[PDB]
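These notes are about the structure you will find just below.
Every chain is numbered from 1 and lettered A, B, ... according to where its sequence line falls, protein lines coming before strand lines. Values below: all heavy atoms of this structure, side chains included; hydrogens, waters and symmetry mates excluded.
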Amino acid sequence: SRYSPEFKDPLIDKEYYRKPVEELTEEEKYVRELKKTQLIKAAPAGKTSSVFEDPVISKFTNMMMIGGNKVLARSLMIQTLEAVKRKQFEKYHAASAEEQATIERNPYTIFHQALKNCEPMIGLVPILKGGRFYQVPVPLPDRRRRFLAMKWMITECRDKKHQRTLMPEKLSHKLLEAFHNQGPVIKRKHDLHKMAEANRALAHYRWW
RNA sequence: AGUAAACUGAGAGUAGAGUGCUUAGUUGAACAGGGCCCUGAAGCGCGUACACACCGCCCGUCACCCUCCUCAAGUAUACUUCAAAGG
Ligand SMILES: [K+]
Ligand SMILES: [Mg+2]
């Protein structure tokens, strides 16, 4: 790293800095006075103070990026969000008043809940015992659960089954299925859970 | 981590010649959390028939061979004893 270890990570929250001083705890006050004496890294070119900034979508965009082409990756993301919004508006317009209440038209809400539905609660770790590898059910950390949901979604959309279907069309369709607890990505989560339940007796092989 | 990845120039050398080499720049990620289970390191121990130093050393049969010895049906040769006796 070109930054020395002293450099601290920039905090980019408008509301944090505007917080009234009176509400600050004694520890919080110390943290603020200390920061004034500390070197800070230049803010990266990705995250900003914009009210429209979504960290999860930014991470998903980077996972889609190929060869540093963030412009193309970002184009695919915004096309997907627009495609989802247009599909829900069509479904909303063709629905009855009672049905219209239950139709979600916010693409960010759909994107967040579709990925949450794909997150696996339990994982499998290969453990070598007596020269034989065993798939052992293990608890997954929160970061790994979220990462796996995104990787499965992107891997599914990149699968060759989809013939001459552009990514925004494929991704929007898959996100809407997962939002409704359907589709192959949800099936991949269920398979992992079923495999871990079958191997529940091997859980003792784990030593942590 | 301006790393990987992708993309774009230049240079060395030739008369000419590389999909090679050297080098400048552009866009620009993901994971970094657990573990000692597998490999390896350090500290402190233990063991050791190794010192060419475990790619070490080393045991037995089988095969092949030289010397010596033992057992052994017979057969052959030499050697010891008889009188230190009795009628
Ligand atoms: K031998
Ligand atoms: Mg050996």
Side-chain angles (χ1 to χ4, degrees), chain A residues 1-13 35 38-50 52-81 108 111-160 162 166-168 170-172 174-175 178 184-186 188-189 191-193 195-208:
Chain A
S1 182
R2 295 320 301 280
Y3 290 105
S4 297
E6 295 85 357
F7 277 85
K8 307 301 181 217
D9 284 312
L11 164 61
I12 301 168
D13 191 40
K35 274 217 68 179
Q38 284 174 336
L39 290 171
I40 314 284
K41 303 181 186 188
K47 193 208 164 173
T48 71
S49 50
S50 170
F52 301 128
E53 182 84 56
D54 170 5
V56 176
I57 279 179
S58 299
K59 210 70 188 177
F60 192 103
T61 308
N62 293 355
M63 292 176 66
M64 285 195 295
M65 179 168 54
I66 300 169
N69 196 355
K70 187 160 290 199
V71 171
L72 174 53
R74 187 158 170 169
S75 186
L76 293 173
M77 184 75 258
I78 66 158
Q79 288 174 73
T80 309
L81 291 163
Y108 303 88
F111 174 85
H112 289 306
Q113 178 69 44
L115 277 182
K116 168 181 289 166
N117 291 345
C118 300
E119 276 167 35
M121 295 298 102
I122 201 165
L124 290 166
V125 161
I127 294 195
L128 172 52
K129 194 179 187 150
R132 300 191 182 178
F133 272 94
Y134 297 93
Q135 291 298 324
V136 165
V138 294
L140 288 176
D142 208 46
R143 311 178 315 279
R144 178 74 175 158
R145 297 198 281 267
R146 292 186 306 240
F147 170 96
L148 282 174
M150 293 195 196
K151 185 174 171 181
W152 295 348
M153 189 70 65
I154 296 167
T155 292
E156 175 61 30
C157 299
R158 284 174 171 164
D159 195 341
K160 298 314 188 167
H162 309 98
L166 296 177
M167 186 81 166
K170 296 183 297 192
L171 182 53
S172 51
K174 302 268 179 209
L175 288 166
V185 177
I186 300 289
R188 179 161 192 184
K189 194 203 53 163
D191 292 349
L192 183 45
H193 292 200
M195 192 77 68
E197 179 279 336
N199 299 354
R200 61 196 151 121
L202 307 179
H204 296 89
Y205 286 12
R206 153 174 69 100
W207 58 79
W208 66 101

Has [X] got a side-chain atom pairing as donor or acceptor with [Y]'s backbone, closer than 3.5 angstrom?
{"X": "A:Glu53", "Y": "A:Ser49", "answer": "no"}
{"X": "A:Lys170", "Y": "A:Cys157", "answer": "yes"}
{"X": "A:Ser4", "Y": "A:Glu6", "answer": "no"}
{"X": "A:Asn199", "Y": "A:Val136", "answer": "no"}

If we take the [atom1] atom in both [N] and [M], what is their distance in whole Å?
{"N": "B:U23", "M": "B:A4", "atom1": "P", "value": "13 Å"}
{"N": "B:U8", "M": "B:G20", "atom1": "P", "value": "14 Å"}
{"N": "B:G9", "M": "B:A15", "atom1": "P", "value": "26 Å"}
{"N": "B:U48", "M": "B:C57", "atom1": "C1'", "value": "12 Å"}
{"N": "B:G2", "M": "B:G25", "atom1": "P", "value": "14 Å"}
{"N": "B:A12", "M": "B:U22", "atom1": "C1'", "value": "7 Å"}
{"N": "B:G28", "M": "B:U39", "atom1": "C1'", "value": "35 Å"}
{"N": "B:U3", "M": "B:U27", "atom1": "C1'", "value": "14 Å"}

Please state yes or no: are the six-membered rings of [N] and [M] less than 5.5 angstrom apart at their centres, with planes tilted under 30 degrees?
{"N": "B:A32", "M": "B:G33", "result": "no"}
{"N": "B:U19", "M": "B:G20", "result": "no"}
{"N": "B:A17", "M": "B:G18", "result": "no"}

Any chance you could measure [X], atom [atom1], to [Y], atom [atom2], to the nearest 0.5 Å?
{"X": "A:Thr61", "Y": "A:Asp54", "atom1": "OG1", "atom2": "CG", "answer": "8.5 Å"}
{"X": "A:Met77", "Y": "A:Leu72", "atom1": "CE", "atom2": "CG", "answer": "13.0 Å"}
{"X": "A:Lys151", "Y": "A:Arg158", "atom1": "NZ", "atom2": "CZ", "answer": "10.5 Å"}
{"X": "A:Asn62", "Y": "A:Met64", "atom1": "CG", "atom2": "CE", "answer": "9.0 Å"}
{"X": "A:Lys35", "Y": "A:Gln38", "atom1": "NZ", "atom2": "CD", "answer": "7.0 Å"}
{"X": "A:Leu124", "Y": "A:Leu192", "atom1": "CG", "atom2": "CG", "answer": "5.0 Å"}

Between protein and nucleotides 3-6 of chain B, what N or O pairs are separated by less than 3.5 Å?
none

Close N or O pairs between protein and nucleotides 24-26 of chain B (under 3.5 Å):
none

* To do: Could you walk me through whether A:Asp191 and A:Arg188 pass the salt bridge (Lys or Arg N to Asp or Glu O under 4.0 Å) test, one step at a time?
  => CA-CA 5 Å; A:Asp191 292 349; A:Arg188 179 161 192 184; over 6 Å; no
North or south sugar at [N], going by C1'-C2'-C3'-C4' (positive north, negative south)?
{"N": "B:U19", "value": "south"}
{"N": "B:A83", "value": "south"}
{"N": "B:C38", "value": "north"}
{"N": "B:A78", "value": "north"}
{"N": "B:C62", "value": "north"}

* To do: Identify, with sequence neighbours excluded, every residue that meets side chain to side chain contact (heavy atoms under 4.5 Å, CB included) alongside A:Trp208.
  =>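 For A:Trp208, the residues satisfying side chain to side chain contact (heavy atoms under 4.5 Å, CB included) (neighbours in sequence not counted) are A:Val125, A:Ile127, A:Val138, A:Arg206.
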Can you check the [X] [atom1] to [N] [atom2] distance for me, whole Å?
{"X": "A:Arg74", "N": "B:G28", "atom1": "CZ", "atom2": "P", "answer": "11 Å"}
{"X": "A:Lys47", "N": "B:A29", "atom1": "NZ", "atom2": "P", "answer": "15 Å"}
{"X": "A:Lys70", "N": "B:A1", "atom1": "NZ", "atom2": "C1'", "answer": "13 Å"}
{"X": "A:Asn62", "N": "B:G2", "atom1": "CG", "atom2": "P", "answer": "17 Å"}

* Does A:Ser1 put a side-chain nitrogen or oxygen below 4.0 Å from OP1 or OP2 of B:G2? ->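 For A:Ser1, the contact criterion (side-chain N or O under 4.0 Å from OP1 or OP2 of B:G2) is met.
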* To do: Scan residues 114-134 of chain A for pairs that pass salt bridge (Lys or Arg N to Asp or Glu O under 4.0 Å), counting only residues two or more places apart or in two chains.
  => none
* Polar side chain donor-acceptor pair, A:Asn117 to A:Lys189, under 3.5 angstrom -> no
* Summarise how protein sits on nucleotides 31-38 of chain B as a single string, 5' to 3': B when a protein heavy atom is under 4.0 Å from the base, S for sugar-phosphate-only contact, - for no contact. => SSSSSSB-
* Please lay out, stage by stage, how A:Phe60 and A:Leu115 fare under the test side-chain contact (heavy atoms from CB on, under 4.5 Å). => CA-CA 10 Å; A:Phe60 192 103; A:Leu115 277 182; 4.1 Å; yes
* Asked: List RNA chain B stems (3 or more consecutive Watson-Crick/G-U pairs, under 3.5 Å)?
  ->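 Stems found: B:5-11 with B:21-27.
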